[PDB]
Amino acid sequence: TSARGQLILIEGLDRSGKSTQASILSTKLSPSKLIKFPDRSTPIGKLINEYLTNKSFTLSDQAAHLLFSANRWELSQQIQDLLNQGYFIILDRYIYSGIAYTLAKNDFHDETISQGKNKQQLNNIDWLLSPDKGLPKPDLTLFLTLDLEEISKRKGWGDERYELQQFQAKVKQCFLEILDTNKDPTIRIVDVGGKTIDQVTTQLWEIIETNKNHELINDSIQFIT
């Protein structure tokens, strides 16, 4: 069919290096757009931002999970169009963040993070995934993994709802549980413990340059199933 750019997703915990490497990679990729999730500029995004930033605000975990997926569906069409025009697209967070942050509440009791004692559907990975099905699949997913101790040493803690170490630990496990690189070879878990900014960039670039994710291709856009 025709030429297109590629979709490259960076996942990870807070302060794992995602926005830093996303910008650096927008620079190496050309032409390139950078999209952040959640997109707090959209109308659903502003709700999500209330939820994350005003910790008195009330919303069931299932409602919240659905808002995050709806927010991606606000951008889906635009993403496809840009890719098909030959743009390279860097995502900072996406469907893996969606599943993992919600999945982690399932055995976690903290009235701020997870409202109420019932955890209905919060361990059902298929329910959690189903609203993101049909969204564009990244051509490459890069998961940046790191020690909680190393994260605690960096600037960037912002007092949002999920920014609690005991919860972040559960989220770390949930991410490694849903990221299976044998069942899906588009996924690359990259250990960034004790690596500088440039060393990370060099590793990230090598993975990209080797699979040729920086070059146009004649494949169609894959979709999440």
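All residue numbers are counted from 1 along the displayed sequence.
Just going by the entry, 35-43 versus 52-60 on mean CA temperature factor gives the higher value to 52-60.
Mean C-alpha B-factor is higher over 200-208 than over the other stretch, the pair under comparison being 200-208 and 7-15. The PDB entry assigns the greatest CA B-factor among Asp139, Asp132, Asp126, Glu111 to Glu111. Sorting the modelled residues of the chain by their CA temperature factor places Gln85 in the middle third. Ranked against the other modelled residues of its chain, the C-alpha B-factor of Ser69 as given in the entry falls in the lowest third. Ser152: CA B factor lies in the middle third for its chain, per the PDB record. Ranked by Cα temperature factor within the chain, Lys170 sits in the middle third according to the deposited record. For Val192, the recorded CA temperature factor ranks within the middle third of the chain's modelled residues.
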